[PDB]
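Worksheet: one structure, shown below.
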Amino acid sequence: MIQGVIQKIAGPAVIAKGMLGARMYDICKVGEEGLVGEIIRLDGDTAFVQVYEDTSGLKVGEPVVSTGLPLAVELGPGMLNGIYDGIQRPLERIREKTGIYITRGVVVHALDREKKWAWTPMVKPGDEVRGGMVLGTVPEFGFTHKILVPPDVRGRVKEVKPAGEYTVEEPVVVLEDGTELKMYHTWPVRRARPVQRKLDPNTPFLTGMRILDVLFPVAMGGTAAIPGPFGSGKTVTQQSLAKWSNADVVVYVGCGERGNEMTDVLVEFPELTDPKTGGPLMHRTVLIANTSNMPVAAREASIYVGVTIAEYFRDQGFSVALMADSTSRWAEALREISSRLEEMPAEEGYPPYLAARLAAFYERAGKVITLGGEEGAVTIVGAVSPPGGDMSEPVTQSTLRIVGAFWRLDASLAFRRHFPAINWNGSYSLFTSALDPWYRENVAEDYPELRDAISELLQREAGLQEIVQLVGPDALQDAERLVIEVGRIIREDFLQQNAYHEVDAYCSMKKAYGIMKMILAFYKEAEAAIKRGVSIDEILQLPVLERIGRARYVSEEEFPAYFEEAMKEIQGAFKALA
Amino acid sequence: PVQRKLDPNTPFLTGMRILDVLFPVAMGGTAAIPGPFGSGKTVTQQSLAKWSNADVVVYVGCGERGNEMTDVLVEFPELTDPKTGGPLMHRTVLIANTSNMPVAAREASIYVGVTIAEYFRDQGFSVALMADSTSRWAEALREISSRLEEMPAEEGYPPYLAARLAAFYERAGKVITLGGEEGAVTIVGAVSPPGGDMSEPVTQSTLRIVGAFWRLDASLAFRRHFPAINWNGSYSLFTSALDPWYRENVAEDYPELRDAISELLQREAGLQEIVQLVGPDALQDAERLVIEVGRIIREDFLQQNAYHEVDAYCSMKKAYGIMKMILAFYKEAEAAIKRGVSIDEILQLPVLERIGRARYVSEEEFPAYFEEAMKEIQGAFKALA
Amino acid sequence: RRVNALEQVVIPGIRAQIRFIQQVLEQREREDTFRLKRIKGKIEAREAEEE
Amino acid sequence: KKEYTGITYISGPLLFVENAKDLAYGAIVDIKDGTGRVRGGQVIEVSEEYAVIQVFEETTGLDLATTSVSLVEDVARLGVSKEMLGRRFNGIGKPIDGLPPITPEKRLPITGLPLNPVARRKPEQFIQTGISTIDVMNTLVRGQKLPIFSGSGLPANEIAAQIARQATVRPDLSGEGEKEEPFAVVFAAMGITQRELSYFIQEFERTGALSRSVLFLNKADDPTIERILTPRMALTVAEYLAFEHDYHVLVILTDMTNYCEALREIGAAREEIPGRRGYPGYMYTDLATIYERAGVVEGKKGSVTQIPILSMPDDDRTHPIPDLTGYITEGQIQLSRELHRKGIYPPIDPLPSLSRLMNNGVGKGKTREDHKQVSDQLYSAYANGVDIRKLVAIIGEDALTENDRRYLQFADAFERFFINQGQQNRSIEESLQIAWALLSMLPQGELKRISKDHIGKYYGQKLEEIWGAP
Amino acid sequence: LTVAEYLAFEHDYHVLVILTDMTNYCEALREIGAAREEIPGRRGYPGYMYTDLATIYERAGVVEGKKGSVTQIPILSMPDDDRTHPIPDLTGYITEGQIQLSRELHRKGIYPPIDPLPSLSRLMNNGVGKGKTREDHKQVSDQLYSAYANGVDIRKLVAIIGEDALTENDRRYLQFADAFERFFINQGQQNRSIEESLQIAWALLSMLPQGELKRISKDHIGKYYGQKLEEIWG
Amino acid sequence: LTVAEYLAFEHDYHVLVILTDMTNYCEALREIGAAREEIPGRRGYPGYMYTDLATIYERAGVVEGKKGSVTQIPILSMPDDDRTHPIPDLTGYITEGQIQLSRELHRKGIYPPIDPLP
Ligand SMILES: Nc1ncnc2c1ncn2[C@@H]1O[C@H](COP(=O)(O)OP(=O)(O)OP(=O)(O)O)[C@@H](O)[C@H]1O
Ligand SMILES: Nc1ncnc2c1ncn2[C@@H]1O[C@H](COP(=O)(O)OP(=O)(O)O)[C@@H](O)[C@H]1O
Ligand SMILES: [Mg+2]
Ligand SMILES: [Mg+2]
């Protein structure tokens, strides 16, 4: 590739000469130390590169070498159980050779070039292959890893490596035109991978949490945002979704978090366990980690590497969930990069194209039919931290227009220690009607009407909050006190789920349906018994209320017996007390 | 060059009650006085030149009116030196560079003035340096920088503006001279922000290096409540170091009285949030008393007339006596409230006029007036109820 | 009556003024950035391409 | 060694030298003129034809005929040793105490290599600062960055001096008995005046705290690039001592607003377009390379703790300097002007102050077991009392209930005794004793945040035994 | 101003100079400033506008040993009735006071609509006092200002709490302000002398209690207090 | 609009044109202009936005002697209840009316929430 020398150094910008033939946005190696850089200019024989690392100590005359490719990632076996930075460098292998500091100019490989993998072919010589097909399988933890021809390659095969142990560097399939296929291939992070067809959302994404699954559901392949003031509970909720959801592969992105919180999430995760198999949780997750003192170019590319990896695991047919820590810091990094380039800020300090980048990030999520004929889906959950509290912050305003679900958190409900702190008066979801045909054909025919009754009862109680503010709740009417107590029971025994608690952090669908059915039955029978006119004040202290709270902690396998017990207790109380 | 800098331990007596009592400045310290036009930055500096105890006063007219320099030339030969008995002009040096004079000479006037003030320091004197406007110096620097075609700061100023102000203010201080004597230079610089905006770069540059800060208010100047010092936005960092001198030279309990006055002002400032909400008539008597005492303090102690025959100059013991009278009245009224006496008849006592006109009493007549008013305070409240 | 008047009248009136002042100050900063860019471009041209 | 005499342009803080391609970017040079006076400078742009040098101090007296530029080092480096404890430096390594210069064990670059995120570990131990409002409610943990937000006229310097004079570790409260552990304080000041310099020297020398401290003091009339270089040398020394000699260091950065303003001036001098509010666009990155050098490292026995101090321009928490610090640091301590005007020192406000790593350093086996619940109960009771104290001004004390009057008295007693401690040095046991003595004013049963077992063991002690010496 | 200075200091004339609109002069200056790419001030005006205005205003005054004089009455329009605009600000930083007109007084039919609170005259103390106009001028002015400020403050309170909750003390100041704006400021085209103006001022101060005149010495109160306003107007 | 004009004025059709979101069009216009380094406008939008919007909205209408017609119903989303934002403001100066949706009527369940007063 083209090689040139330096003729100007001014901060992070380096002007090289002799670089005729270099392409825009390529990755260059600058200086004898070998610092990475990106070309953004072309003018005659000279090109302007922008160095990621510190340029102190460089001298005029040091060579510049181009790699000929833009920013890309290595996709292949060995990405699970790994920790990477914003530009896919393994943090564990760097520590082995260097120490507790990250010396600049270090060279490492994303995929371990010296680990043997078991190879099992699935094609024979003489076959015709096209981009996206499957040729070969590799075991990897509890998964089987499929070897894919790159989407831009078509040809005819006459070479098959027989079943044996090989590294990812060894060719396995050689085409008629001389193309050699390996176990890994590169892909630029800012170009979306092709698909056959994009499908409609018709299956729910089971978060395992009662309120998020019932009141504000998100489908498989949807997008959700969870904003709120600092100290609300975003991180624990995202970790709970990572632990208990039905997604096969989980990708976590750290876009510049604080060092101590990054240490917290780096220490906590290896101690977790996979609920599906009982093994370590890290065997199915991929971690992208950045701190505040990393180079600013590595912070901007953090969300693109994660989404490219998620799209790679989508093409193999799995279901992928992509959790992203606060994108406000990613937008701050983008603003700093734009200020480096003098981009005439528009909104507050942000570049005018912030919404385009946010849309390009969120549009990759969906349920598609892959080029190999299989079906895969990607779900994206992102966090926002508006500093002013109000949702008029420009990043929040740009995010609100391209998301389907919106799980707003509130700090005041955290002060009452009611967790999760979901504001049910501000949150909304647009996926309910599409998920309704799935609900009635699988869960229960009466599920949507029961859910609407629960939501209507929650809405009625919010309309009485003015009268409670003037006069005490005891002076209110018996029916109004009834609906207030029903709302309180619904909140404290249906919307509560403690995440630090060991058995309060998960809830299935059948348990929630049974709890809603019991609550509606109790409400209707108590409403009739009030007009019955017997023991109207002692209705609030019936022994059935113990059975309502007991269903929160009953096991799923023991759930039908306790459901029958609670229903027949409701019958024996309301029918035959008086 | 000098031999050794010294810590400040002697107050710089300006003759104004609020500055000398609530926001003191030491002999070797620096102060800043910002405010909009028509607030009183020049009358304060001229009163400081007239009445302070500095041996030599240097006045720098950087970019101001010529009438303000003609007044000094005409009036000062007639006044009398407070500590020598001679003419007042025999101790004053004037550097005049008016607004219609050439622009480039505004910086040179400031440097010449500070060099002369440093020269008189080396002879053992205590010199006071008044800078009439440091914003005109920054404006001259902006005007010159437009010809050089540099890339400017936030408001068009050159980037090195904050270094010049720092290198100018750090020339003050109490030193041991190369001849073994003791001298001191104190600097009081006035700042004229455009439109009264305190977020101006000059004001924020000055705010980080000065030991005292006397913010002025346009609203108080509109209602002719001079000196119009904003008590909420003013501070002084020399309060703690000057306490041993006050105990020895004024009274043993003067800091306690000053702290009580500041505490009363803070309490009055706290209650004014409720008066704007529900009016003054919704408060209890214990809070109406605080409101009225704060009003009495503001109208009697803080207010000062610079053109009056007697009110222009006020010694330390006179301010101590006035503060003692106000606190004695407050302590009488606070106990009289607990006896069921309503406030609306306490304010009608004739001793209110006695306190309110102690300003205009002459310095030599004050020791009798104070002792009569103190007995009147005691006699007024025992027969109240 | 006083609570309702304060809740429905004064607070949005102050909030709108705050928003208006914020927009004006931000527009002034956006205006001066353009002049800084222009004078930097003028500095680059005359100090590097004259002879 | 080699000198360059091809000066072609001098204007303000910049000078151009031709045929100087041998110089490396960011190098330090010495400028010599006809009179023999030597100044300093930094190379900020290298080209094929000329190099650009920004000059320390002023450029008075230079001419194109006799000025020469010579090289010192290609990289700004500092020589460090364990002999620096008890010394003072001017921000660029030059001693100002009159003592002979040090001998270096090593020479290290002042720029900071980032810590590997997989090499860090979780903070677990706390630092006793001797201040009740910090030790009890806003606990400082070994490895935390806890900035202090102060006003314009508030005594931040006195609080910093008191913390540096009183800070210590408590091995006897941890584990089976722990072990002897060294401790040191690294003090860095930026843009201070002569009064602050004299006050700091007098405070540090009068009580023996200098024997365990290193001071990097930079005056206001000093060159601005020394202010930029000032905190990085202090952090280099702190990292060297902590991660090579197993020290527990505490780093105090006296003023960060001066650092940000000097950074703005330096950026404006090099023709860079400003960012959001006139400040440079890379200010978030620049502040991150300073704060994130603190922490604790897995496998190493030392630690670094940071207490930045910054002044809000108009008590404005939406200003960029306090705004960007909140995205990198863990909590804040906010001083109160109302408490300062009422005669209370230190005027630390308990309500807006917060520490995020507090829950990991308290409990059983570290400090005392009742710490967190006592802190929560104090917070809630003070929050009730401050609102009742303003309701009293409308409705009077006669219309109150009895428990509201209990809260009203508790708030005044809190402000009188717990916060206003003066120049005293309080251990954690004494602070907990006073905290329980204040809570005994409230009747048992209103303490909803505290378990019955702790109430049955610590409630009921009279305040009269501390009333004789508050 | 060249002609005015020549006439004043070469032939002992007393010259009055009137400038119709300095806003137009500032706009004409801004055109050349923007054409020459100068560094702007606060709102696009050139940074040297303070110096340029200083060379115009500072040519008035009197000269020792000469009988001539120059007096300047510039007229300028605050654009959005704004006192913080660069032109009024830089004008007030140079001149020796200002007379500010009020639109609120104009909407009530009062002529001339001079608002006394933002108005200022720096050279007032030189020309008033004993032996020049009268011995009670300055104290009367101070008392009028202090009473009118309280009247405006009580006006700002009656719009919040209603006038039915007022005491008599606040009502007296409210009535004083209401009568002041109608009788003192509103004069039409008549030519009041100084004695008539002082008579009206002392008549207005008689509405207030005698003991509330803190800024007036008791001799002047004993000499002039007690005049009734109905003897002059009605 | 080119297709609609052709159909209406060369085949006598009655064509109704709906533009789904003009806020995205204005944002895309701001992104293009800001990269060409020209002076911005009221909120960073280019100063020629009125002319560019007028070249779109003014293509509707009827023509004498022809049976065809073109009708436009653009839909735009305000950032707030801010009627003074540059996009709805400059839309108001060119178009011949407006239909404003009400959040209060939507909050209490009225559909469609058209507010008759603005
Ligand atoms: N202490 C005081 N006592 C009496 N009158 C005062 C006092 N301070 C100010 N004044 C009055 O207020 C006027 C303020 O004019 P001054 O020359 O002090 O203005 P300034 O605020 O310094 O403005 P600038 O120099 O920017 O024009 C004085 O002329 C005088 O009439
Ligand atoms: N489900 C939950 N169970 C218990 N505590 C919770 C839960 N959700 C939130 N919290 C509390 O909310 C606080 C905020 O947590 P975290 O997400 O780490 O910070 P932030 O919300 O600012 O990102 C935590 O202290 C945690 O105790
Ligand atoms: Mg978080
Ligand atoms: Mg003046």
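Residues displayed in chain B correspond, in order, to Swiss-Prot positions 194-578.
Cβ coordinates are placed from backbone N, Cα and C, and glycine is handled just like the others.
Taken from Swiss-Prot, the feature ATP binding site covers B:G228, B:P229, B:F230, B:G231, B:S232, B:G233, B:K234, B:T235. There are 22 other Cβ atoms within 10 Å of the Cβ belonging to B:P229 (ATP binding site).
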Those binding-site residues listed as B:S232, B:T235, and which of them has the most Cβ atoms within 10 Å of its own Cβ:
B:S232
ATP site shell beyond B:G228, B:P229, B:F230, B:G231, B:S232, B:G233, B:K234, B:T235, criterion: Cβ within 8 Å of Cβ centroid:
B:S385, B:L409, B:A414
Below 8 Å between Cβ atoms and chain A: which of B:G228, B:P229, B:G233 make it? I'm asking about the binding-site residues.
none
Enumerate in sequence order the binding-site residues B:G228, B:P229, B:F230, B:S232, B:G233 whose Cβ-atom distance to ligand 4 is under 6 angstroms.
none
Checking proximity to ligand 1 here: which binding-site residues out of B:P229, B:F230, B:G231, B:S232, B:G233, B:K234 have their Cβ closer than 6 Å to it?
B:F230, B:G231, B:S232, B:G233, B:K234
Determine, from DSSP, whether B:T235 (ATP binding site) sits in helix, strand or coil.
helix
For each of B:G228, B:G231, count the other CB atoms within 10 A of its CB; which of these binding-site residues has the top count?
B:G228
Ten-angstrom check, please: count other Cβ atoms within 10 Å of the Cβ of B:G233 (ATP binding site), all chains counted.
19
Go through the binding-site residues B:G228, B:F230, B:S232, B:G233, B:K234, B:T235 for me and flag any whose C-beta is under 8 angstroms from a C-beta on chain E.
B:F230
